[PDB]
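>>> turn this into a structure:
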Amino acid sequence: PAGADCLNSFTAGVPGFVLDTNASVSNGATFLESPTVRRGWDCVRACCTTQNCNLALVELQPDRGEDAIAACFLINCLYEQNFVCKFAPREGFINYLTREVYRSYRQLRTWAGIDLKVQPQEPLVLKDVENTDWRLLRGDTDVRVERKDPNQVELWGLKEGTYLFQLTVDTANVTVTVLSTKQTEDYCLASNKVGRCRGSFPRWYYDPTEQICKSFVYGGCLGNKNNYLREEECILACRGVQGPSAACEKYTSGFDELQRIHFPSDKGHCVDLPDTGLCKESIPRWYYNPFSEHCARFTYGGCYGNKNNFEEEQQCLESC
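Residues are numbered from 1 along each chain as shown. The coordinates are given below.
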């Protein structure tokens, strides 16, 4: 039949919804291959074999049977340790996740794991998170996690590699990635890449020519490794970096059916889980949780949330 086990690791997902794309990539969903296999359960065995494939979508080509697959499609939906997929119901679309990932059955419904790519240094400081008690989990050498104020953890003993921690007061599996020079050229030195896709995405990228992060338009696909959804992630990856303007591993290569479409998605949204944001202030706002069908209040940072971010009791119930 399939001849290969693999198949079992993906749950057979429900119809109706399909991922929002215009927003899902606007959250960081790396788009990969778009294979042309005519069975859907053939298309998953093509997602096991992909380095960053976690979502296996298929159209159904309406009416003409079920397993005469119409699309395939391989998607990441992990902006570096984060479920950034966003779904919206319509019709004959059936999607395939991987149990792994599928932290959407976690995250249900409760500042997750961040993936900080930083330059090699020694006295590091970053987003505070008050109180303290930081717990190591990986380190070529031990790390001096010394803390002053106004809450601002400092991390000595850092050399190149990868370190995983735990913010025990309430914990957080958060990793620092002190990039190698092999990673500096790609994330920080490589010139940008608009890509062949016809897109409209907000991204940032570093210029080593003037020691600067600037802003550019992402076409959607095949983007180079110098590409950041937030300028904060841009600078953190770089600065302290100088420089001028099949043997690799993966990409670029597209000849040519790597060209995507924009589906219907009615309107109402709403129902996205709340996003506090990456900012500072304590702004009370109201969202609509659909497990209980009524609204609730929470503290907003001030930047980068979901469409479910009304302001009062009746503004939230008004539009859901």
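>>> which of the three states applies to residue 57?
strand (DSSP: H, G, I helix; E, B strand; the rest coil).
>>> OK, contacts around it?
Neighbouring residues of residue 57 by CB atoms under 8 Å, 6 or more residues apart in numbering: 18, 19, 71, 72, 73, 75, 93, 95, 96. To be clear about C-beta, it is placed using only N, CA and C from the backbone, and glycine gets the same treatment.
>>> repeat for residue 302
Residue 302 makes contact with 277, 279, 280, 281, 283, according to CB under 8 Å, 6+ apart.
>>> are any of these buried, and if so which?
Among these, those buried by neighbour count (16 or more other CB atoms under 10 Å) are residue 277.
>>> show me the contacts of residue 302 that map onto strands.
The members of the contacts of residue 302 that map onto strands under DSSP state E are residue 283.
>>> could you dump the contacts of residue 302 to CSV with distance to residue 306?
Below are the contacts of residue 302 laid out as CSV (distance: CB to CB, whole Å):
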residue, distance to residue 306
277, 10
279, 15
280, 19
281, 18
283, 15
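>>> just the contacts of residue 302 now: which is nearest residue 269?
Closest approach to residue 269 among the contacts of residue 302 (CB to CB): residue 277, at 17.7 Å.
>>> separation between the closest residue to the closest one other than its chain neighbours and residue 284?
What sits nearest to residue 277 in space, not counting adjacent residues and going by CB to CB, 6 or more residues apart in numbering, is residue 301, at 3.2 Å. Separation of residue 301 from residue 284 (CB to CB, to the nearest Å) stands at 12 Å.
>>> which one of the two is surrounded by more residues?
residue 301 (16 against 9; other CB atoms under 10 Å).
>>> just want the phi and psi numbers for that one.
Main-chain torsions, residue 301, degrees, to the nearest 10: phi -70, psi -40.
>>> also residue 136?
Per degrees, to the nearest 10, the backbone of residue 136 is at phi -70, psi 170.
>>> same deal with residue 200?
According to degrees, to the nearest 10, residue 200 has phi -160, psi 60.
>>> I figured it hits residue 217, correct?
Yes: under the criterion of CB atoms under 8 Å, residue 200 makes contact with residue 217 at 7.1 Å.
>>> that older thread, isn't the residue nearest to residue 277 right up against residue 278?
Yes: using CB under 8 Å, residue 301 makes contact with residue 278 at a distance of 6.1 Å.
>>> what segments of the chain are helices?
Ranges of helices in the chain, per DSSP state H, are 40-48, 181-184, 231-237, 313-318.
>>> let me know which of these is the nearest to residue 172.
helix 231-237 (17.1 Å).
>>> measure how far that closest one is from the centre of its chain, please.
Centroid separation for helix 231-237 versus its chain: 15 Å, with CA atoms, centre = their mean, to the nearest Å.
>>> ok, residues contacting that helix?
Helix 231-237 has contacts (CB under 8 Å, 6+ apart) with 116-119, 126, 179, 187-188, 204-206, 213, 215, 228, 278.
>>> again, 10 Å this time
With contact meaning CB atoms under 10 Å, 6 or more residues apart in numbering, helix 231-237 is reached by 28, 79-80, 114-119, 124, 126-127, 176-177, 179, 183-184, 187-188, 202-207, 212-215, 225-228, 230, 278.
>>> who touches the residue nearest to residue 139 when sequence neighbours are not counted in this structure?
With sequence-adjacent residues excluded and distances taken as CB to CB, 6+ apart, residue 139 is closest to residue 163, at 5.3 Å. Counting by CB under 10 Å, 6+ apart, residue 163 makes contact with 116, 136-141, 143, 155, 157, 174-178.
>>> kindly report the same for residue 229.
Counting by CB under 10 Å, 6+ apart, the residues that residue 229 touches are 25-28, 79-80, 84, 201-204, 218, 304.
>>> can you do 7 Å?
Going by CB atoms under 7 Å, 6 or more residues apart in numbering, residue 229 touches 28, 79, 203.
>>> over to residue 214?
Residue 214 neighbours (CB under 7 Å, 6+ apart): 205, 207.
>>> for residue 242, same thing?
Contacts of residue 242 (CB under 7 Å, 6+ apart): residue 208.
>>> try it again at 10 Å.
Contacts of residue 242 (CB under 10 Å, 6+ apart): 188, 189, 208, 209, 211.
>>> gap between the closest residue in space to the third one that isn't next to it in sequence and residue 42?
Right, residue 208. Excluding its sequence neighbours, the residue lying closest to residue 208 (CB to CB, 6+ apart) is residue 243, at 3.9 Å. Plainly put, residue 243 is 44 Å away from residue 42 if you go by CB to CB.
>>> equivalent analysis for residue 225, please.
Going from residue 225 to residue 42 by CB to CB gives 31 Å.
>>> and if you look at residue 305?
With CB to CB as the criterion, residue 305 and residue 42 are 39 Å apart.
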